[PDB]
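Colleague: Could you work out the structure for the sequence below:
(chains A, B, C, D, E, F, G, H, I, J and K)
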Amino acid sequence: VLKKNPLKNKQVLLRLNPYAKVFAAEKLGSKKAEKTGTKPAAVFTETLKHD
Amino acid sequence: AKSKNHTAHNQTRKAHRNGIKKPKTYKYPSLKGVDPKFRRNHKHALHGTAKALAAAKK
Amino acid sequence: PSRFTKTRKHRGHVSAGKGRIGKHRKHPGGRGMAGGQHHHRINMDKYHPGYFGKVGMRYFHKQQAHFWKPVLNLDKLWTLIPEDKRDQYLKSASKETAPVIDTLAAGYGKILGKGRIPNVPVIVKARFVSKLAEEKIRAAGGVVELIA
Amino acid sequence: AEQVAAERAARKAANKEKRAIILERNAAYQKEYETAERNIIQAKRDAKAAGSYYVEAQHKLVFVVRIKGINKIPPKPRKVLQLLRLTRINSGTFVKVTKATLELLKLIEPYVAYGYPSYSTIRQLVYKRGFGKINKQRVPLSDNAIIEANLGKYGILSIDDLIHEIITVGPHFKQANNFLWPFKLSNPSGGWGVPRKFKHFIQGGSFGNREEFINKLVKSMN
Amino acid sequence: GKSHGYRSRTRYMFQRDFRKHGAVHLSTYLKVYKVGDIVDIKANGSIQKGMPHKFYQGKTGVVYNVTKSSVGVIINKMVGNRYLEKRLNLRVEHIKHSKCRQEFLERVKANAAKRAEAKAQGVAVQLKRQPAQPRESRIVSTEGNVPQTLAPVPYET
Amino acid sequence: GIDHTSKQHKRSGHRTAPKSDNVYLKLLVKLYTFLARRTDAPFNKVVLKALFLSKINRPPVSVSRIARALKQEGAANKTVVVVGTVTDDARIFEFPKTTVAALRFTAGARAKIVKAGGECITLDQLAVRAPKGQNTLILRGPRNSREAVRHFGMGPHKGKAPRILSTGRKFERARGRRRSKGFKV
Amino acid sequence: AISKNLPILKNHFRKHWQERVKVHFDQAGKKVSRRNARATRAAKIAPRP
RNA sequence: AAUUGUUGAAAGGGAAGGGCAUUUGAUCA
RNA sequence: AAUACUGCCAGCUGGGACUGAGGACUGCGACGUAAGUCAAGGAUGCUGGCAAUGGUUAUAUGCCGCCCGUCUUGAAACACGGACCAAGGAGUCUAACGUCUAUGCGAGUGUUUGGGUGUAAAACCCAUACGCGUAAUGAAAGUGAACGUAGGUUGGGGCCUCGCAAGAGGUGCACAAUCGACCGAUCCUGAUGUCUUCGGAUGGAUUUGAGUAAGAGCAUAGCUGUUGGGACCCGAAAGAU
RNA sequence: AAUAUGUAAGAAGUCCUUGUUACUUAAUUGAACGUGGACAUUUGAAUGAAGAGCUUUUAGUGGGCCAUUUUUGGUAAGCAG
RNA sequence: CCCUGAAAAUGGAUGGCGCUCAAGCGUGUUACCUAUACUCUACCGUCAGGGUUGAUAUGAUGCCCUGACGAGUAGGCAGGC
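Modeller: Numbering: from 1, shown residues only, chains lettered A, B, ... in the order given. Now the structure:
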């Protein structure tokens, strides 16, 4: 009879997607990626400032 | 008193408001207009093959 | 009629359902069949062809009395005899006795060929007969008769 | 007439099985999304660090929103705009990208705006304004039961599979879009941000190609 | 007055192509002509017997009739708001074979062969044709191709 | 404004129950729509649709047509049913035993069928005997055999029986039908 | 005057027939008058038929 | 009813008349 | 390292405005081990005041609003008619009809020309003729529709069988076109016979019909439209006796 | 050139074998119609489809104008075309 | 940019008042107001897809569910006073 909007109603969003509980528990919306450091080649740096 | 002579405005809209479709294709086309001898032998061939089919399969 | 007509429903409308650009004046195209070759020739040509001209003879004093010649195809040939005897004569097929059919008493003067009577004798008495009809009656075993 | 208890238990078991299947499918899908984004980021970083340049493939998605009304429209562009289920001012539809569809949008382009969206915007739009077309009826998508009963032939049973097929075009995209009714949605919350709507993005207007800028707009547009 | 004839406003239509004047080369006459074959029409001004009208120029139709030296072509005409067929006869000159039917034939032959050799195993036959899909990812290496700066040229009189 | 691609609030183009106020026909229609709604066989639906046809859309079926239909193999043990009228044909003398159901039966046709050994039943008897329509066969009369079907389609080079009240000489046989007096059609 | 596909009719109503149209509104009256005349004659003719 | 006289009420800086909504006055279940 | 910018959170929370439709339960879910509970297919609980809210009209206030009907691409016009009120006032009827619809009968259909009867212009009953259809084609003389399961092929709803279903096989009315068969006219060839010029069997047509190929028509009523009538109403300058 | 425009993108299809003809070929050499048999996931490029096709009837209409672009007559025109 | 070029008849028009680091001119960036424009909700009507003789219980042309739409001269059809 009435349309209930998800992402504002907890029960309707949980019913629509069972992953709501696991997503909230694991906090998958804020994930820290692996700290990998790669240095660009000298050619890229030279061509970035090439005038 | 002058008057309009010819005008093509709204003719396209007028004709196009009713859906214009390709002519309904028929699996057996009309044979009118062909060479007469082709008909004169086609009728005999059809009669012969029909009688052969009737004799073979009943 | 007056209640079911749409003139009552047309009340209020200025033109009464007949157009405002062109008012319902008198006959604009003429009276009756005004014009058949000048402006109404299109309708006389593509809808009513054959109206203008002489086609044939000049037959004076046409009397519809010598021309009485109906059609009695053999399919509706057993409808003349009464119902009570139709079945009993259908079952009884013999040449010693034959059923007399007077189509003239029924009002038909000519027998026409169509219907495929079964193989039973039959006697008919007609003013006129057809070749294929004659063959069809004579095939079963009967024969038509000519009277005047 | 004691079968009511048995059928209720059977329905509960079937539901639970379906929800477990949906949960594991969603876990697999989100693993795919995170692996794909990490892989593309690492590929870009490796190309940068290796003294090379990474060429990004043309995006396999596009979102078209009508901005032009129904008045003063020529025949051909009017009909091709309506051909993509764009019959309403401020309406949206999903189109896959191919030369036919590229020229289709190019002819349409004068009168609409388009861009390549991300996953979050599709998720939010489908969750909020998800409407479907079952037997030409506008049935809102509030339960997965109807979509799993009607899309069982193609293997789609939850909206998450529909979202995955939308973002990742596959063998079951055409009828998935056919299910999705064109979305009718209100005017932007923060406005178009441009005084003259009927200007190209190069000319400084909302109309035209938006690339990834369509995400923020559709967030405010919806 | 007014001029709307059988060959009105055809100054450049029924005109022989440059360096193609004279008699017609003897290869179009020996082509075998059948019924039900897709084919087009192009008029030739060399012979003044049986030319197609201006509308029929450049039109394609199906052959239904064969005669000593003539063909019968079905041509759809646009008048009013209805598609209507029209039977017309031209000489064997102004009738050119169409390659679209040949393309369809070779495509269906190749498709049948591919379907046979695929159903021999049954693995991803992919019978349908695909349009121009977007290009995939690519890697560009600047080895010997270092980019150089581009600047607009100043206006030159 | 919305760019509509077709007509709005257009009727389906199909009739919904005869305009006739026949309470018997109304009750029979009600029974058959109940049958169509609460069953799955297409028989109820086609009977519902053919029940709506008018008097010119329900041409009469002669007993000769029924006999010809019964000549086909595997149809002898079939309940012949026709929507409309059943009329006796004087060109048929032999009639095999069968069971015919129709709206109304002609006195002559009914007498012929009962003499041949067959029985006459109405629509409700057929419904109560074969609710799903088992071993049945449905006919429709010749719709394009009327005196007016030949009249439509008038035009040149078509010859579709123009509208003349009387038939005879000088009656649409002059110029317009003969080449000797000008053009032909 | 001239119209679409309707049959050709010739209605011979063009003279002053307003004053000439006659309607037999007295059918029953004439029937009873003839019956009364027959009865009176029968009572008058004697047993002659 | 058109027109007019009286009684009672209301309004009136070169028109009156109506719609959107309300105050005030009178009246009303 | 931090910060700017962009995007994400199925992260939390504060404030304000509109809505309360549905009416015993049925469905999808959460919390809760488990009872039971819930923000889960549309609002309930408590409390306060009165027994004024609200409807109509007049004025006032802020905004908007040109005079009705017709002609016209264009009307409010410096285009036309209107001072007001009351009474009358304009697509009706007949004859023959077309499409559609309803009813009755049905290869037949139509009592009411007339007769009998009658509670009396009411109603009931009735024989023969007659109109239309069941046969059409030719100017006419005239002739006149099954080689067949009333033909072959296709699409065909429905029905029957097999098949868990889906699908497969058979029959397939009506309809759609095409190829065929027969009938009338025209062009032809010409079998026995013979009042030597009659007779027209058999076989064909790039010819032709408003034909047959298991009849469908008749009577009445109703909307609409056409013809004739004064013909939706009113209006001429004229002509005759 | 651009724009505009026609055709085709399949079961009314493709393939194998062979029955008829008074057409035709020196000739079972060709053509039309056929019988039997093989090819349903992806039935043969994308999108869409308050479904598509067909028949009858008739009201009103047959004085147009304006706007971007192309363009005729005219110097131009709220000019004409 | 501004000015001379640049003169028409009742008294008048960036609407006027007025405006000079403008309230004039070009461009750039946010905020603000609205249409019978878009979204949601309530009601009316039309259309379409459906359910409801297992009843006493009637109007199955009755009742109920879902969704879409609602402008308009001449004119057509339907429902009513």
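Colleague: ok, residue F:141 touching residue F:65?
Modeller: Yes. The pair residue F:141 and residue F:65 qualifies as a contact (Cβ atoms under 8 Å) at a distance of 7.4 Å. (Each C-beta comes from the backbone N, C-alpha and C, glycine too.)
Colleague: Now list whatever residues contact both of those two.
Modeller: Common contacts of residue F:141 and residue F:65 (Cβ atoms under 8 Å, 6 or more residues apart in numbering or on different chains): none found.
Colleague: For residue A:25, what is the enclosing helix or strand?
Modeller: helix A:19-26 (DSSP states H and E).
Colleague: hang on, I meant residue F:138
Modeller: strand F:136-139.
Colleague: what's next to that strand, contact-wise?
Modeller: Residues from elsewhere that reach strand F:136-139, judged by Cβ under 8 Å, 6+ apart: F:43, F:46, F:50, F:61, F:65-66, F:69, F:75, F:78-83, F:126, F:130.
Colleague: center of chain E, which residue is that?
Modeller: Nearest to the mean C-alpha position of chain E, by Cα atoms, centre = their mean, lies residue E:98 at 5.6 Å.
Colleague: coming back round to it: can you pull the buried residues of the next helix or strand after the helix holding residue A:25?
Modeller: Heading C-terminal from helix A:19-26, the first helix or strand you meet, by DSSP H and E, is helix A:42-48. Neighbour counts over helix A:42-48 (16 or more other Cβ atoms under 10 Å in any protein chain shown) mark A:44, A:47 as buried.
Colleague: Pull the distance from helix A:42-48 to the chain's centre.
Modeller: How far helix A:42-48 lies from its chain's middle: 31 Å, per Cα atoms, centre = their mean, to the nearest Å.
Colleague: and what of stretch D:125-142?
Modeller: From the chain centre to the centre of stretch D:125-142 is a distance of 13 Å (Cα atoms, centre = their mean).
Colleague: Equivalent analysis for stretch C:85-104, please.
Modeller: With Cα atoms, centre = their mean as the basis, stretch C:85-104 stands 29 Å off its chain's centre.
Colleague: just stretch C:108-123 next, same as before
Modeller: 21 Å.
Colleague: cool, stretch C:101-112 as well?
Modeller: Distance of stretch C:101-112 from its chain centroid, counting by Cα atoms, centre = their mean, is 17 Å.
Colleague: buried stuff in that stretch?
Modeller: Applying 16+ other Cβ under 10 Å to stretch C:101-112 flags C:101, C:103, C:108, C:110, C:111, C:112 as buried.
Colleague: Just the helices from chain E, written as ranges.
Modeller: Taking DSSP state H as the criterion, chain E carries its helices at E:99-119.
Colleague: what are the ranges of the strands in it?
Modeller: E:38-40, E:60-67, E:70-79, E:82-90, E:96-97, E:138-141 (DSSP state E).
Colleague: Please indicate which of the contacts of strand F:136-139 are buried?
Modeller: By neighbour count, with 16+ other Cβ under 10 Å, these hold F:43, F:50, F:61, F:65-66, F:69, F:78-83, F:126, F:130 as buried.
Colleague: Can you tell me which of those residues lies closest to chain B?
Modeller: residue F:69 (20.9 Å; Cβ to the nearest Cβ).
Colleague: so how far is residue A:5 from that closest one?
Modeller: 62 Å (Cβ to Cβ, to the nearest Å).
Colleague: Next: residue C:123.
Modeller: In terms of Cβ to Cβ, residue C:123 sits 96 Å off from residue A:5.
Colleague: Residue F:129 too?
Modeller: From residue F:129 across to residue A:5, the span is 56 Å (Cβ to Cβ).
Colleague: And these two? Which one has more around it.
Modeller: Between residue F:129 and residue A:5, counted using other Cβ atoms under 10 Å in any protein chain shown, residue F:129 has the larger neighbour count: 14 against 11.
Colleague: Please verify my assumption that the more buried one contacts residue F:81.
Modeller: No. With contact defined as Cβ under 8 Å, residue F:129 and residue F:81 do not form a contacting pair (10.5 Å).
Colleague: May I have the secondary structure class of residue C:145?
Modeller: With DSSP: H, G, I helix; E, B strand; the rest coil as the basis, residue C:145 sits in strand.
Colleague: ok, stretch G:41-49 near RNA strand I or not?
Modeller: No. Against RNA strand I, stretch G:41-49 shows no contacts by Cβ under 7 Å from any atom of the strand, the least distance being 9.6 Å.
Colleague: quick one: contacts for residue D:78?
Modeller: Contacts of residue D:78 by Cβ under 8 Å, 6+ apart are D:70, F:3.
Colleague: name the element it belongs to?
Modeller: Here residue D:78 is assigned to helix D:75-83, by DSSP H and E.
Colleague: Report the buried residues of that helix.
Modeller: D:77, D:78, D:80, D:81, D:82.
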